[PDB]
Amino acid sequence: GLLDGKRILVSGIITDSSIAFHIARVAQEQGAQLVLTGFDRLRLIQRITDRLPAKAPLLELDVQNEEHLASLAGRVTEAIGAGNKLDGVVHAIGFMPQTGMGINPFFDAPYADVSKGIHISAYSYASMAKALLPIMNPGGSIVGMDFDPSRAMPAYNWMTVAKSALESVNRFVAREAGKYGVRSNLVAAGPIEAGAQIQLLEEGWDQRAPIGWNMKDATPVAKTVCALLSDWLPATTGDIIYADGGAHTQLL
């Protein structure tokens, strides 16, 4: 019972193979009471989140919608109880149009597309924190998903730029969260005619990781998120935890 009696909001569940689905699954197994967030296909999300070990209320949240954000805190409290507060927040939201990641050349991505990607992947981490910090308990934890953007790589393109922005956003969210006695951290996960480029990237990851890396298994990264949601990392804030097999510490 690592997360026993903790109220945790989990965003980004779209499929049963989503890291957010495994974070929610592992958190419930560890005794956490969950609140879930869905963006567009809510009835589809409801049917995915029915396969979770325990029942949890599903709330609508389009992170680009100002009204959804301004009402989020009220809707969460109605779902957990008038006098109850959140102990954790999981930001597992990421988006970049295909012009900004994949086959499309880096220079050919229009700003409107990259901006939408930065809005959803980086700015929204601050939006969700602004909306939920007033309904969070001291000793609380905000966890976001990152993909190590310290070095450029093919096909990830503008999504790497959005993750660099996200890391910087996290350092500032930590400053704001600190006032509430809440921690804010990121988990940098390993990977979970541009098909050849991503194959090269995935093969290289397992090769570099001293303990190896299984791309078809999201549970080691879900456990890391849960470790950050627990009271077992209480002096860690504005930081990045690498759940990538230790591949970022190895050149070859």
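One-based numbering along the sequence shown.
According to the entry, the deposited sequence has 10 or more residues without coordinates between residue 192 and residue 193. Mean CA temperature factor is higher for 63-71 when stretches 217-225 and 63-71 are set side by side in the entry. Comparing 155-163 with 74-82, the higher mean C-alpha B-factor in the PDB entry belongs to 74-82. Among the modelled residues of its chain, residue 28 has a C-alpha B-factor that falls in the middle third, as given in the PDB entry. When all modelled residues of the chain are sorted by CA temperature factor, residue 199 is found within the highest third. Looking at the C-alpha B-factors along this chain, the one for residue 106 belongs to the highest third. In the PDB entry, a CA B factor belonging to the middle third of its chain's modelled residues is recorded for residue 137. Residue 184: CA B factor in the lowest third of modelled residues in this chain (values from the PDB entry).
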